[PDB]
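Before any questions on binding or motion, here is one chain by itself as structure tokens, the form deposited in one PDB entry.
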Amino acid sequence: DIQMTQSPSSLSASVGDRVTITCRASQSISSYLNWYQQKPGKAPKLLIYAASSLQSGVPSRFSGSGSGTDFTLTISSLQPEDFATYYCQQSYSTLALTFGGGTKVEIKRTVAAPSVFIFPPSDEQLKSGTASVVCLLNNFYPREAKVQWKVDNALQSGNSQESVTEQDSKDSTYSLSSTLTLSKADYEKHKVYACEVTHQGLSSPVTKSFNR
């Protein structure tokens, strides 16, 4: 299949800025490139078809150009309702239609450090046999943030699950929650449970822990 590569994967901007997205094709797709917009929890919406043709009803601030392998979508003046994810899709190979990975146009704000919180497993849960440790990263920017689970100064891998909220409608910040899940037998074998947090807004990695 023809691979469609979008860049950047994510870009920050503010209302009024001019945004330019790039979409590359693994081979020449002539001019059959289409741009779609998708908000979270909503279906995609067609913006441009055939590289440059503006779909009826789409604001004229959107435009596309390019032919062959390099394509471009441009928002001349970013409006508040244009913060979304944008996908390109090639239609040259008509029976093997493929999309790009997408590009997220997020709201640009200042750097904010996360408020890290750790929650030990409850007494109600420990009677079920499983132990869940929850670590919370609250209101940070940008989205890039590393969470490292240490247990008795032993790094934990492949036994936690992360989750990140969408960019907040209030302060344009992100939030993360990681859940360390191990059995009750694995839970008494150790005593210290920590959560190391690396972020752009932290001059040094921050750790929140507790003793069982």
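Numbers for residues come from their place in the sequence shown, where the first is 1.
The same protein also has a form deposited in another entry, omitted here; what follows describes it.
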* To do: For the chain moving as two rigid parts between this form and the one not shown, please specify whether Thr94 and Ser31 belong together.
  => yes
* Cα distance between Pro80 and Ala113, which in that other deposited form differs by 3 Å or more from this form, closer or farther -> closer
* Structure fact -> Under comparison with the form shown, the C-alpha atoms of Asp82 and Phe140 in that other deposited form shift by 3 angstroms or more, placing them closer
